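One chain is shown next in structure tokens, namely the form solved without the ligand.
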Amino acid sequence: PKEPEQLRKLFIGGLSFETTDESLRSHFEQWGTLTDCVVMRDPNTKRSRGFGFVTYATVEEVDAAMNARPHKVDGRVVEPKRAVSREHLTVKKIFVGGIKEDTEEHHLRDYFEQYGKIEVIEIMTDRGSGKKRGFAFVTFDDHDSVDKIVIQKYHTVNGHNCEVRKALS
């Protein structure tokens, strides 16, 4: 079963107005098979609107393209992003809930470091008693880690099934 198409799209902002469907394709085919590749244009002038999207055959190919940032396409550094949810923002921090009183920093680090480079791990404690409250925040150096994390259906850390959400600052 193919992964859902929505999870195989990369939305590319910041394009050069000279980038075409064809030149965007030739660039991003370096990291996988593309089933779709679109530059958005004005319906009347045909002038570029400066953004588009590509669709890879697999999620691993999306990962390969994101791991190859920064992407300079037709002379300009562009901004690729995975699909955002409706309401959500592009952030570098997550809330991790349901970790209870026995989960330590190294449990969170060993798991989440495989999504991206961690900068801060904050295990929350009670302001009055100092006891652990059962949730934590993890900050990464880049938003794609968070984008990969929050689209997973399940997160298991230290045996616990955790609730993970984007955290706004």
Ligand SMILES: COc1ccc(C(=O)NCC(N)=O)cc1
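A residue's number is simply how far along the shown sequence it sits, counting from 1.
Missing here is the form deposited with the ligand bound; even so, the following discussion is about that form.
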Exercise for review: Identify the site as open or blocked, taking the pose of the ligand in the deposited complex and overlaying it via the site C-alphas; a blocked site has 3 or more ligand atoms within 2.4 Å of a backbone or C-beta atom of the shown form.
Suggested key: open
Check your understanding: Using a 4.5 Å cut on heavy atoms, which of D102, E29, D36, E113 is close to the ligand in the deposited complex?
Key -> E113
Review point. Is there a heavy atom of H160 no more than 4.5 Å from a heavy atom of the ligand in the deposited complex?
Key: no
